[PDB]
Peer 1: 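Handing you a structure now.
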Amino acid sequence: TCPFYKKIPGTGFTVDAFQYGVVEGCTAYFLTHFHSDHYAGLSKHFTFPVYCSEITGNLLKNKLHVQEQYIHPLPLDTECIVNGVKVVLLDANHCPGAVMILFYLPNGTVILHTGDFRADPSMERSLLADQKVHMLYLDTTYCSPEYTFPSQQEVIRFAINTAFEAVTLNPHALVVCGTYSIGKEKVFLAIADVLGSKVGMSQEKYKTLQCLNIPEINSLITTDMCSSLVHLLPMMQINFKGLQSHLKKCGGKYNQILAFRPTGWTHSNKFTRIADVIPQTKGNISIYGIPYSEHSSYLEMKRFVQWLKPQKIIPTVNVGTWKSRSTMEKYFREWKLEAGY
Ligand code: NI
């Protein structure tokens with residue numbers, strides 16, 4: 001049974017609600033992004049209307065085989081009528097194809113559902129500037145002040161400089177980057193660009209990247225592993241045993257691996273600056289954990305909410321424990337008293 005924080009009151013609509021069977025009264029199912037916890041339940045046998053971005057729609061058709069007649073892509077930044085209700089999709093600054101959804105209810109209430117997002121000051125100049133929001137359904141993944149991490153640009157700067165130094169000292173070093181979902185593609189694209197290489201990967205991953213509308217993608221990626229000195233591997237293989245085993249397969253072309261694991265936040269964020277990050281090393285293998293986040297930091301979250309001034313907040317993440325729920329409610333009230341709404 002579908003929980004309350006996935007229903008949009010006063011509509012036939014749900015958000016990210018595909019794992020509950022047929023939801024009573026739902027006439028349109030929205031999907032914010034192609035991450036498995038959110039699409040859980042969709043398949044080629046789904047027969048209700050799905051509303052989403054163009055990129056999410058490419059992934060539903062090619063990767064999950066949802067039939068074309070049930071896929072309803074909408075353009076971004078554009079007022080659209082769905083089943084008699086005005087909606088807008090906005091870029092969420094999460095993974096490719098990820099949106100926030102603005103719903104203009106028949107009774108005059110305006111609701112924003114962030115999906116998963118990384119808040120940014122640029123959102124203060126979208127179509128959000130123009131009107132008031134009564135209810136905010138908020139991605140609260142990192143809603144606590146201990147959750148700090150650098151900008152995505154500082155993290156990519158660290159990765160490009162690290163990779164370029166290593167491979168210039170040793171032209172026989174291979175770079176490997178872990179992946180387990182869409183998102184964080186700038187990590188491996190930026191490193192391959194500095195090295196003058198395409199990125200090599202499995203057929204299954206190539207297929208996924210081909211759905212993403214990335215400009216000039218055919219110039220950037222390949223399934224010919226032999227031609228490439230940046231390889232992608234599943235995140236599970238990014239350990240000393242998995243990397244040893246990979247280096248065997250490369251036909252004595254390489255004698256060193258430098259590998260990257262993009263994580264979200266880890267507690268080594270509470271002590272170490274990005275500049276000071278060091279790898280784990282065993283022999284000719286080194287592994288860097290780099291804190292490349294596609295969710296808001298606590299400060300970015302608080303800035304966004306203090307600017308939007310919603311009348312009510314419904315968290316969508318960390319909702320399973322009383323301690324989490326109480327912590328999040330306390331910070332919402334601080335924010336409101338500090339800013340005066
Ligand atoms: Ni996500």
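Computation of the quantities below employed the complete heavy-atom set of this structure, encompassing side-chain atoms and omitting hydrogens, waters and symmetry-equivalent molecules. Numbering of ligands and ligand atoms starts at 1, following listing order. For reference, positions follow the sequence shown, starting with 1.
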Peer 1: Taking the basic N atoms (NZ, or NE/NH1/NH2) and the acidic carboxylate oxygens, is any pair closer than 4.0 Å for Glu334 and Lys302?
Peer 2: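 Salt bridge absent between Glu334 and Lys302.
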Peer 1: Enumerate donor-acceptor pairs with a distance under 3.5 Å from any side-chain N or O in residues 189-200 to protein atoms, sequence neighbours excluded.
Peer 2:
from   : atom 1 : to     : atom 2 : distance (Å)
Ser197 : OG     : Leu229 : N      : 3.1
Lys198 : NZ     : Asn218 : O      : 3.2

Peer 1: With respect to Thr56, which candidate in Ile71, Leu31, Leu89 satisfies the side-chain contact (heavy atoms from CB on, under 4.5 Å) definition?
Peer 2: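 So, applying the side-chain contact (heavy atoms from CB on, under 4.5 Å) to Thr56 and each of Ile71, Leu31, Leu89, only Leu31 qualifies.
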Peer 1: Answer yes or no: is there an ion pair linking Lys184 with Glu294, defined by an N-O contact shorter than 4.0 Å?
Peer 2: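 The answer is no: the pair does not qualify as a salt bridge.
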Peer 1: Going by atom types alone, do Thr140 and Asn318 pair a side-chain donor with an acceptor below 3.5 Å?
Peer 2: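 No donor-acceptor contact under 3.5 Å links the two side chains.
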Peer 1: List-wise, which protein N, O or S atoms are found short of 2.8 Å from the Ni ion (ligand 1)?
Peer 2: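 The answer, once waters are left aside, is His33 NE2, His35 ND1, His94 NE2, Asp116 OD2.
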Peer 1: Verify, without hydrogens or angle tests, whether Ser296 (side chain) and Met301 (backbone) share a donor-acceptor contact under 3.5 angstrom.
Peer 2: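 Not confirmed, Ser296 side chain does not pair with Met301 backbone.
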